[PDB]
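Participant: Please see the structure below; I have some questions.
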Amino acid sequence: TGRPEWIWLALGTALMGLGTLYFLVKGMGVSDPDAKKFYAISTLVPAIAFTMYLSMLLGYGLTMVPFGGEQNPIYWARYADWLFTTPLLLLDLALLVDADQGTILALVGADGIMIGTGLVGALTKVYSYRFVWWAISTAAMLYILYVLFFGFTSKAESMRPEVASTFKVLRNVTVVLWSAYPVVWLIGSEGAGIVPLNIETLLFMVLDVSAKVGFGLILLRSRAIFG
Ligand SMILES: *C/C=C(C)/C=C/C=C(C)/C=C/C1=C(C)CCCC1(C)C
């Protein structure tokens, strides 16, 4: 097939894979119980992404959805990835500030809605309705970000400055990166079709790699992960 976006898929695969192995190697050497928890979560995240990037590279996870008078190329494999990677990243942040079970449940639940409505919107055949689902998915994300900024930051103040300062950074990287996804979706292939798929794939790989390997490197190299 040789689609224009494959090089970004191959690059995403490579980066996720290398990041996975390095976290795996680093994680199985640590003896601390808590640090092991964070490592297992942070390694599984890029591991899931690698497999999905690989699948997409190999021609799977792609479907032609009709709308706007066109047969639009929608990579649904992305939601299969994010369905499990986004709540795992949220869990990493939750364990860090000692969030409550109710908070985590609600964050994972909101996250499920965000990805669920996101995919339904990416598969919707009525053009304008695609944005109705997109709208709801974004509202869900704004709820998650509100909680991360107003809730978690507050409970991280009961933590040690080293831990509070690590969370601040991860929280900041997450707010900035996650905020970008709904915009790429809106102006890209799933939405307005302004930005081409090849470029759109490039944008997604930069955000995904940054949000998983970038995030993991920052979190796993800190001493805040220790019990
Ligand atoms: C490793 C992957 C990460 C950190 C993915 C984050 C993805 C989002 C914050 C996605 C958000 C979306 C919306 C707000 C609405 C439209 C559809 C989505 C799923 C692209």
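Chain A uses Swiss-Prot numbers throughout; the residues present, in order, are 18-244.
The way this entry was determined, per its header, is X-ray crystallography, 2.0 Å.
In case you wondered, yes, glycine gets a Cβ from its N, Cα and C as well.
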Participant: Which of the listed positions, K54, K185, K229, does Swiss-Prot note as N6-(retinylidene)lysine?
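Facilitator: Swiss-Prot annotates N6-(retinylidene)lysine at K229; the rest carry no such entry.
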Participant: Would Swiss-Prot have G76 on the same side of the membrane as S145?
Facilitator: yes
Participant: For the transmembrane segment (121-140), I need the partner stretch with the highest count of C-beta pairs below 8 angstroms, choosing only from 23-42, 93-109, 217-236.
Facilitator: 93-109
Participant: Do the transmembrane segment (23-42) and the transmembrane segment (217-236) share at least 3 Cβ pairs closer than 8 Å, excluding pairs fewer than 6 residues apart in sequence?
Facilitator: yes
Participant: Pull the DSSP breakdown for the topological domain 'Cytoplasmic' (43-56) and write it out as helix, strand, coil residue counts.
Facilitator: 9 helix, 0 strand, 5 coil
